[PDB]
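Engineer: Starting off with a structure, shown below.
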Amino acid sequence: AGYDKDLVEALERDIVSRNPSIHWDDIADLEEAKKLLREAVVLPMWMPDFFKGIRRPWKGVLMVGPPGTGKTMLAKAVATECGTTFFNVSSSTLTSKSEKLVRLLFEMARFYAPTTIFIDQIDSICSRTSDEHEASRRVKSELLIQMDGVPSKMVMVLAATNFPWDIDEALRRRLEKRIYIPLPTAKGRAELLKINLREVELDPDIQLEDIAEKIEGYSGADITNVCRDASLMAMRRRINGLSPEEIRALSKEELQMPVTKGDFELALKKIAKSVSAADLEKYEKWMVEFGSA
């Protein structure tokens, strides 16, 4: 016990998830990304005869792509299938709060014998004051050491990035398998809308299919925020006219009004896609040069 123990506990509250169990069928689309991810991290467990005598497995796995596509949900799905402990490591915030944390992290992962370490926004470790450049350098050196080291005592490392071009060559070398996570297609944006609109009534004049086409380029997080924004505005029109006594007395179901076409029109005009066509060009070019076999 003592300071080292509370360090382990402080990292535990930050990295372990509240709902780490995601199943593949709970994730829309990503059929190609799911297949490439399972072959890279699940097939070696299933076929040790093939991956110890025919073809060695990939050493590291890096998920690249635009933000809001569900890289964290896919990483949780790998942990749920493999039956492992899931650590959600935010690299950008772990540097702010050194090298000891990196070793303690992998020491915890080894302690919870089968563990999946998800290192999110791993490109931030290679960020160009002076102390930050030294702390990020120490964190990167200890990370390469731990990643170079990795039946029931298995520790796999999964990484994700929205800017793969910012990852150093030494860190890219420990992430052999690179998998692109795409934005939803025209068909994919339609099912994400209806799943996000399962607890809110919609006026009949609202055209969901017209919305699914207009939101081309939107990520899964963008569609969610458009549905949450339109539902917030419809809910606020009821709340604003009510008194506190009435607000306290009304239940969840009575406070949410139906969402109108004006709400969706306003939410869509306030929330543009976070990814441009030029952005997708950069991902494609990077995938051509560095995409894994």
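Going through the structure tokens in order, the chains are called A, B, and so on, while each chain numbers its residues from 1 and the ligands are numbered from 1 in the order shown.
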Which of segment 36-278 of chain A end up as strand (DSSP E) when DSSP is run on this backbone - answer as a PyMOL selection string?
Structural biologist: chain A and resi 61-64+85-90+115-120+155-161+177-180
Engineer: Skip segment 113-119 of chain A itself and residues of its chain fewer than 2 positions away, then list as an MDAnalysis selection string all residues within 8 Å of it, counting only C-alpha atoms.
Structural biologist: chainID A and resid 72 75 79 83:91 109:111 121:122 152:160
Engineer: Could you please determine the separation between atom CA of residue 163 of chain A and atom CA of residue 120 of chain A in Å, to one decimal place?
Structural biologist: 11.4 Å
Engineer: Measure the distance from atom CA of residue 266 of chain A to atom CA of residue 236 of chain A in Å and round it to one decimal.
Structural biologist: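 Pair atom CA of residue 266 of chain A / atom CA of residue 236 of chain A returns 14.0 Å.
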Engineer: Please identify which residues in segment 93-219 of chain A DSSP calls alpha helix (DSSP H) from the backbone, and express them as an mmCIF file with N, CA and C atoms, in the first residue's frame.
Structural biologist:
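The resulting file, states_26.cif, is shown below:
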data_model
loop_
_atom_site.group_PDB
_atom_site.id
_atom_site.type_symbol
_atom_site.label_atom_id
_atom_site.label_comp_id
_atom_site.auth_asym_id
_atom_site.auth_seq_id
_atom_site.Cartn_x
_atom_site.Cartn_y
_atom_site.Cartn_z
ATOM 1 N N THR A 93 -4.133 13.091 -22.473
ATOM 2 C CA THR A 93 -4.320 13.552 -21.103
ATOM 3 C C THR A 93 -3.391 12.854 -20.118
ATOM 4 N N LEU A 94 -2.882 11.668 -20.462
ATOM 5 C CA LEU A 94 -1.961 10.983 -19.563
ATOM 6 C C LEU A 94 -0.618 11.696 -19.491
ATOM 7 N N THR A 95 -0.202 12.339 -20.584
ATOM 8 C CA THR A 95 1.041 13.102 -20.567
ATOM 9 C C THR A 95 0.928 14.322 -19.662
ATOM 10 N N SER A 96 -0.231 14.985 -19.664
ATOM 11 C CA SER A 96 -0.403 16.190 -18.859
ATOM 12 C C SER A 96 -0.277 15.879 -17.372
ATOM 13 N N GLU A 99 7.165 8.402 -17.292
ATOM 14 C CA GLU A 99 7.568 7.044 -17.639
ATOM 15 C C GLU A 99 7.056 6.026 -16.626
ATOM 16 N N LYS A 100 6.888 6.430 -15.364
ATOM 17 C CA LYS A 100 6.399 5.496 -14.354
ATOM 18 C C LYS A 100 4.958 5.086 -14.633
ATOM 19 N N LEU A 101 4.126 6.025 -15.092
ATOM 20 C CA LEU A 101 2.740 5.686 -15.405
ATOM 21 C C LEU A 101 2.665 4.661 -16.529
ATOM 22 N N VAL A 102 3.577 4.753 -17.499
ATOM 23 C CA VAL A 102 3.564 3.814 -18.616
ATOM 24 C C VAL A 102 3.921 2.412 -18.139
ATOM 25 N N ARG A 103 4.905 2.301 -17.243
ATOM 26 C CA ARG A 103 5.274 0.989 -16.721
ATOM 27 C C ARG A 103 4.201 0.444 -15.786
ATOM 28 N N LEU A 104 3.638 1.299 -14.928
ATOM 29 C CA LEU A 104 2.551 0.863 -14.057
ATOM 30 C C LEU A 104 1.351 0.392 -14.867
ATOM 31 N N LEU A 105 1.078 1.054 -15.993
ATOM 32 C CA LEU A 105 -0.042 0.656 -16.841
ATOM 33 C C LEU A 105 0.137 -0.767 -17.353
ATOM 34 N N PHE A 106 1.296 -1.058 -17.947
ATOM 35 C CA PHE A 106 1.541 -2.400 -18.460
ATOM 36 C C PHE A 106 1.734 -3.407 -17.334
ATOM 37 N N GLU A 107 2.167 -2.951 -16.157
ATOM 38 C CA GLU A 107 2.238 -3.851 -15.011
ATOM 39 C C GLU A 107 0.840 -4.238 -14.547
ATOM 40 N N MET A 108 -0.099 -3.287 -14.581
ATOM 41 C CA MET A 108 -1.494 -3.610 -14.295
ATOM 42 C C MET A 108 -2.070 -4.535 -15.359
ATOM 43 N N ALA A 109 -1.771 -4.265 -16.633
ATOM 44 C CA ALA A 109 -2.292 -5.109 -17.704
ATOM 45 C C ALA A 109 -1.808 -6.546 -17.558
ATOM 46 N N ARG A 110 -0.537 -6.730 -17.188
ATOM 47 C CA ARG A 110 -0.038 -8.080 -16.949
ATOM 48 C C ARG A 110 -0.681 -8.695 -15.713
ATOM 49 N N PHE A 111 -0.987 -7.870 -14.708
ATOM 50 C CA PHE A 111 -1.622 -8.385 -13.499
ATOM 51 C C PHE A 111 -3.014 -8.935 -13.793
ATOM 52 N N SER A 130 9.091 23.123 -23.007
ATOM 53 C CA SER A 130 10.246 22.233 -23.021
ATOM 54 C C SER A 130 10.016 21.013 -22.139
ATOM 55 N N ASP A 131 9.325 21.190 -21.009
ATOM 56 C CA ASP A 131 9.032 20.051 -20.144
ATOM 57 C C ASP A 131 8.111 19.054 -20.835
ATOM 58 N N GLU A 132 7.143 19.548 -21.613
ATOM 59 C CA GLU A 132 6.236 18.652 -22.320
ATOM 60 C C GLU A 132 6.989 17.802 -23.335
ATOM 61 N N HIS A 133 7.942 18.407 -24.049
ATOM 62 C CA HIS A 133 8.725 17.653 -25.021
ATOM 63 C C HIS A 133 9.559 16.573 -24.344
ATOM 64 N N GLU A 134 9.966 16.799 -23.093
ATOM 65 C CA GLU A 134 10.747 15.799 -22.374
ATOM 66 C C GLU A 134 9.853 14.728 -21.760
ATOM 67 N N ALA A 135 8.707 15.127 -21.199
ATOM 68 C CA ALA A 135 7.780 14.147 -20.644
ATOM 69 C C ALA A 135 7.186 13.266 -21.737
ATOM 70 N N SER A 136 6.799 13.866 -22.868
ATOM 71 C CA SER A 136 6.307 13.071 -23.990
ATOM 72 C C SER A 136 7.404 12.179 -24.559
ATOM 73 N N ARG A 137 8.659 12.631 -24.505
ATOM 74 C CA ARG A 137 9.759 11.795 -24.978
ATOM 75 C C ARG A 137 9.975 10.601 -24.055
ATOM 76 N N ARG A 138 9.890 10.821 -22.739
ATOM 77 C CA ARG A 138 10.008 9.704 -21.803
ATOM 78 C C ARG A 138 8.839 8.737 -21.948
ATOM 79 N N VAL A 139 7.629 9.268 -22.128
ATOM 80 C CA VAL A 139 6.457 8.412 -22.285
ATOM 81 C C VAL A 139 6.572 7.581 -23.555
ATOM 82 N N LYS A 140 7.145 8.161 -24.610
ATOM 83 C CA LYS A 140 7.301 7.432 -25.860
ATOM 84 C C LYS A 140 8.363 6.347 -25.740
ATOM 85 N N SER A 141 9.461 6.633 -25.035
ATOM 86 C CA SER A 141 10.530 5.648 -24.896
ATOM 87 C C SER A 141 10.061 4.439 -24.096
ATOM 88 N N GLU A 142 9.373 4.678 -22.978
ATOM 89 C CA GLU A 142 8.862 3.568 -22.180
ATOM 90 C C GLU A 142 7.749 2.823 -22.907
ATOM 91 N N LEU A 143 6.981 3.521 -23.748
ATOM 92 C CA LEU A 143 5.935 2.855 -24.519
ATOM 93 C C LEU A 143 6.529 1.887 -25.536
ATOM 94 N N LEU A 144 7.571 2.314 -26.256
ATOM 95 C CA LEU A 144 8.230 1.417 -27.201
ATOM 96 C C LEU A 144 8.808 0.199 -26.492
ATOM 97 N N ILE A 145 9.340 0.393 -25.284
ATOM 98 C CA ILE A 145 9.887 -0.726 -24.522
ATOM 99 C C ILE A 145 8.785 -1.716 -24.170
ATOM 100 N N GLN A 146 7.650 -1.210 -23.681
ATOM 101 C CA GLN A 146 6.552 -2.093 -23.304
ATOM 102 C C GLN A 146 5.937 -2.767 -24.523
ATOM 103 N N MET A 147 5.800 -2.031 -25.629
ATOM 104 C CA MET A 147 5.228 -2.620 -26.835
ATOM 105 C C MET A 147 6.174 -3.632 -27.473
ATOM 106 N N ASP A 148 7.488 -3.449 -27.322
ATOM 107 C CA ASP A 148 8.419 -4.453 -27.824
ATOM 108 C C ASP A 148 8.348 -5.747 -27.025
ATOM 109 N N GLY A 149 7.841 -5.696 -25.797
ATOM 110 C CA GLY A 149 7.769 -6.878 -24.965
ATOM 111 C C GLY A 149 6.515 -7.697 -25.188
ATOM 112 N N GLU A 169 8.366 7.442 -36.803
ATOM 113 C CA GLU A 169 8.747 6.205 -37.477
ATOM 114 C C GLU A 169 9.012 5.091 -36.472
ATOM 115 N N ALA A 170 9.597 5.424 -35.317
ATOM 116 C CA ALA A 170 9.842 4.411 -34.295
ATOM 117 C C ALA A 170 8.543 3.880 -33.701
ATOM 118 N N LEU A 171 7.531 4.736 -33.558
ATOM 119 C CA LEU A 171 6.247 4.288 -33.032
ATOM 120 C C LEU A 171 5.428 3.580 -34.105
ATOM 121 N N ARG A 172 5.512 4.052 -35.351
ATOM 122 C CA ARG A 172 4.829 3.372 -36.448
ATOM 123 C C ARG A 172 5.371 1.963 -36.650
ATOM 124 N N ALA A 186 -23.940 6.031 -47.582
ATOM 125 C CA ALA A 186 -25.297 6.552 -47.699
ATOM 126 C C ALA A 186 -26.293 5.632 -47.009
ATOM 127 N N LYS A 187 -26.137 4.319 -47.192
ATOM 128 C CA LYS A 187 -26.985 3.358 -46.495
ATOM 129 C C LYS A 187 -26.687 3.335 -45.000
ATOM 130 N N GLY A 188 -25.425 3.549 -44.620
ATOM 131 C CA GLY A 188 -25.055 3.429 -43.218
ATOM 132 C C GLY A 188 -25.573 4.568 -42.363
ATOM 133 N N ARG A 189 -25.661 5.769 -42.940
ATOM 134 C CA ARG A 189 -26.176 6.934 -42.229
ATOM 135 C C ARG A 189 -27.671 6.833 -41.945
ATOM 136 N N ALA A 190 -28.405 6.019 -42.705
ATOM 137 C CA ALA A 190 -29.839 5.878 -42.474
ATOM 138 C C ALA A 190 -30.130 5.064 -41.220
ATOM 139 N N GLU A 191 -29.398 3.966 -41.016
ATOM 140 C CA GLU A 191 -29.634 3.135 -39.841
ATOM 141 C C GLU A 191 -29.106 3.793 -38.573
ATOM 142 N N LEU A 192 -28.042 4.592 -38.684
ATOM 143 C CA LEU A 192 -27.563 5.337 -37.526
ATOM 144 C C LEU A 192 -28.583 6.376 -37.081
ATOM 145 N N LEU A 193 -29.320 6.957 -38.029
ATOM 146 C CA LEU A 193 -30.355 7.922 -37.674
ATOM 147 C C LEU A 193 -31.465 7.263 -36.867
ATOM 148 N N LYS A 194 -31.967 6.122 -37.346
ATOM 149 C CA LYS A 194 -33.104 5.482 -36.692
ATOM 150 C C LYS A 194 -32.724 4.926 -35.325
ATOM 151 N N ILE A 195 -31.494 4.428 -35.183
ATOM 152 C CA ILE A 195 -31.032 3.967 -33.876
ATOM 153 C C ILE A 195 -30.913 5.140 -32.910
ATOM 154 N N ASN A 196 -30.401 6.277 -33.388
ATOM 155 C CA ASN A 196 -30.329 7.465 -32.545
ATOM 156 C C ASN A 196 -31.701 8.063 -32.263
ATOM 157 N N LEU A 208 -36.761 11.177 -43.082
ATOM 158 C CA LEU A 208 -35.500 10.614 -42.610
ATOM 159 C C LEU A 208 -34.581 10.270 -43.774
ATOM 160 N N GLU A 209 -35.149 9.784 -44.879
ATOM 161 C CA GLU A 209 -34.321 9.374 -46.008
ATOM 162 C C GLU A 209 -33.666 10.577 -46.675
ATOM 163 N N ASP A 210 -34.376 11.706 -46.731
ATOM 164 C CA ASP A 210 -33.772 12.938 -47.225
ATOM 165 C C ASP A 210 -32.650 13.403 -46.304
ATOM 166 N N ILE A 211 -32.801 13.184 -44.995
ATOM 167 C CA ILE A 211 -31.752 13.556 -44.051
ATOM 168 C C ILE A 211 -30.523 12.669 -44.238
ATOM 169 N N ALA A 212 -30.730 11.355 -44.386
ATOM 170 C CA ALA A 212 -29.606 10.425 -44.493
ATOM 171 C C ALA A 212 -28.727 10.723 -45.702
ATOM 172 N N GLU A 213 -29.300 11.315 -46.753
ATOM 173 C CA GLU A 213 -28.560 11.750 -47.935
ATOM 174 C C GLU A 213 -27.867 13.091 -47.729
ATOM 175 N N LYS A 214 -28.539 14.033 -47.065
ATOM 176 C CA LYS A 214 -27.950 15.349 -46.845
ATOM 177 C C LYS A 214 -26.759 15.279 -45.900
#
Engineer: Taking 5 positions as the minimum chain separation for residues in the same chain, which residues sit within 10 Å of residue 258 of chain A when counting only C-alpha atoms? Answer as a PDB file with N, CA and C atoms, in the first residue's frame.
Structural biologist:
ATOM      1  N   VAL A 200     -37.444   9.100 -29.288  1.00  0.00           N
ATOM      2  CA  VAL A 200     -38.047  10.398 -29.568  1.00  0.00           C
ATOM      3  C   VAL A 200     -39.048  10.249 -30.704  1.00  0.00           C
ATOM      4  N   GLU A 201     -40.232  10.833 -30.528  1.00  0.00           N
ATOM      5  CA  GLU A 201     -41.228  10.864 -31.587  1.00  0.00           C
ATOM      6  C   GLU A 201     -40.828  11.872 -32.659  1.00  0.00           C
ATOM      7  N   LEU A 202     -41.150  11.546 -33.906  1.00  0.00           N
ATOM      8  CA  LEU A 202     -40.845  12.400 -35.042  1.00  0.00           C
ATOM      9  C   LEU A 202     -42.136  12.796 -35.741  1.00  0.00           C
ATOM     10  N   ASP A 203     -42.245  14.079 -36.083  1.00  0.00           N
ATOM     11  CA  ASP A 203     -43.384  14.535 -36.862  1.00  0.00           C
ATOM     12  C   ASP A 203     -43.407  13.811 -38.209  1.00  0.00           C
ATOM     13  N   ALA A 230     -31.408  18.206 -31.976  1.00  0.00           N
ATOM     14  CA  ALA A 230     -32.804  18.378 -32.363  1.00  0.00           C
ATOM     15  C   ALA A 230     -33.745  17.920 -31.257  1.00  0.00           C
ATOM     16  N   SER A 231     -33.377  16.855 -30.543  1.00  0.00           N
ATOM     17  CA  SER A 231     -34.195  16.401 -29.426  1.00  0.00           C
ATOM     18  C   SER A 231     -34.098  17.354 -28.243  1.00  0.00           C
ATOM     19  N   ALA A 234     -36.427  20.342 -29.046  1.00  0.00           N
ATOM     20  CA  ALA A 234     -37.830  19.985 -28.867  1.00  0.00           C
ATOM     21  C   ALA A 234     -38.174  19.851 -27.389  1.00  0.00           C
ATOM     22  N   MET A 235     -37.233  19.353 -26.586  1.00  0.00           N
ATOM     23  CA  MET A 235     -37.479  19.215 -25.155  1.00  0.00           C
ATOM     24  C   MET A 235     -37.489  20.576 -24.466  1.00  0.00           C
ATOM     25  N   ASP A 263     -36.677  21.557 -36.239  1.00  0.00           N
ATOM     26  CA  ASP A 263     -35.612  21.187 -35.313  1.00  0.00           C
ATOM     27  C   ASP A 263     -34.467  20.499 -36.045  1.00  0.00           C
TER      28      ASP A 263
END
Engineer: Please identify all polymer residues within 12 Å of residue 282 of chain A, counting only C-alpha atoms, omitting same-chain residues fewer than 5 positions from it, and present them as a list in words.
Structural biologist: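 Skipping anything fewer than 5 positions along the chain leaves residues 64, 65, 66, 162, 163, 164, 165, 275, 276, 277, 287, 288, 289 and 290 of chain A.
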Engineer: Take the residues that were just selected and, keeping N, CA and C atoms, output them as a tab-separated table (two decimals), in the first residue's frame.
Structural biologist:
chain	number	residue	atom	x	y	z
A	64	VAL	N	-6.74	3.81	-37.87
A	64	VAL	CA	-6.63	5.18	-38.36
A	64	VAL	C	-7.96	5.58	-38.99
A	65	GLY	N	-8.18	6.89	-39.09
A	65	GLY	CA	-9.35	7.42	-39.73
A	65	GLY	C	-9.87	8.69	-39.10
A	66	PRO	N	-10.90	9.28	-39.70
A	66	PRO	CA	-11.47	10.52	-39.17
A	66	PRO	C	-12.11	10.31	-37.81
A	162	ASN	N	-6.47	9.90	-35.23
A	162	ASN	CA	-7.12	10.68	-36.27
A	162	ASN	C	-6.12	11.36	-37.19
A	163	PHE	N	-4.83	11.32	-36.85
A	163	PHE	CA	-3.78	11.96	-37.64
A	163	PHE	C	-2.60	11.00	-37.71
A	164	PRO	N	-2.69	9.98	-38.56
A	164	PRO	CA	-1.60	8.99	-38.63
A	164	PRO	C	-0.29	9.57	-39.13
A	165	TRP	N	-0.33	10.68	-39.87
A	165	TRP	CA	0.89	11.29	-40.37
A	165	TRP	C	1.72	11.95	-39.28
A	275	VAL	N	-15.36	16.39	-41.23
A	275	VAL	CA	-14.36	15.85	-42.14
A	275	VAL	C	-14.65	16.37	-43.54
A	276	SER	N	-13.64	16.97	-44.17
A	276	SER	CA	-13.78	17.49	-45.52
A	276	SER	C	-13.29	16.46	-46.54
A	277	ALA	N	-13.60	16.71	-47.81
A	277	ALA	CA	-13.13	15.82	-48.86
A	277	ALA	C	-11.61	15.83	-48.94
A	287	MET	N	-3.01	5.69	-46.40
A	287	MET	CA	-3.31	4.26	-46.45
A	287	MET	C	-2.62	3.57	-47.62
A	288	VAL	N	-2.45	4.28	-48.74
A	288	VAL	CA	-1.75	3.70	-49.88
A	288	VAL	C	-0.28	3.47	-49.54
A	289	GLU	N	0.33	4.43	-48.84
A	289	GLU	CA	1.75	4.35	-48.55
A	289	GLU	C	2.05	3.42	-47.37
A	290	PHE	N	1.19	3.42	-46.35
A	290	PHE	CA	1.47	2.69	-45.12
A	290	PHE	C	0.46	1.59	-44.81
Engineer: Which of these, A:239, A:37, A:272, A:45, has the shortest distance to residue 221 of chain A once you count only C-alpha atoms?
Structural biologist: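 Using only C-alpha atoms, residue 221 of chain A sits closest to A:272.
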Engineer: For residue 25 of chain A, work out the shell of residues within 10 Å, counting only C-alpha atoms and skipping chain neighbours fewer than 4 positions away, then give it as a ChimeraX atom specification.
Structural biologist: /A:29,31,77
Engineer: Using only N, CA and C atoms, please write the residues we just selected to a file, as a PDB file, in the first residue's frame.
Structural biologist:
ATOM      1  N   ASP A  29     -22.420  -1.130 -39.673  1.00  0.00           N
ATOM      2  CA  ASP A  29     -21.461  -1.167 -40.788  1.00  0.00           C
ATOM      3  C   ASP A  29     -20.117  -1.674 -40.246  1.00  0.00           C
ATOM      4  N   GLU A  31     -18.101  -3.528 -41.593  1.00  0.00           N
ATOM      5  CA  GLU A  31     -17.908  -4.940 -41.923  1.00  0.00           C
ATOM      6  C   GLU A  31     -16.470  -5.226 -42.334  1.00  0.00           C
ATOM      7  N   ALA A  77     -15.118  -4.115 -28.652  1.00  0.00           N
ATOM      8  CA  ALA A  77     -15.640  -5.348 -29.233  1.00  0.00           C
ATOM      9  C   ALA A  77     -14.566  -6.427 -29.302  1.00  0.00           C
TER      10      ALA A  77
END
Engineer: I want to know what sits within 9 Å of residue 173 of chain A, based on only C-alpha atoms, with residues of the same chain fewer than 4 positions away left out; could you give that as a PyMOL selection string?
Structural biologist: chain A and resi 59-60+168-169
Engineer: Would you pick out the contacts of residue 68 of chain A at 9 Å or less, using only C-alpha atoms, so that residues sharing its chain but fewer than 4 positions from it are not included, and give the list as number ranges by chain?
Structural biologist: A: 183, 218-222, 274
Engineer: Identify which of the residues A:260, A:98, A:161, A:92 lies closest to residue 181 of chain A, counting only C-alpha atoms when measuring atom-to-atom distances.
Structural biologist: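 Closest candidate: A:161.
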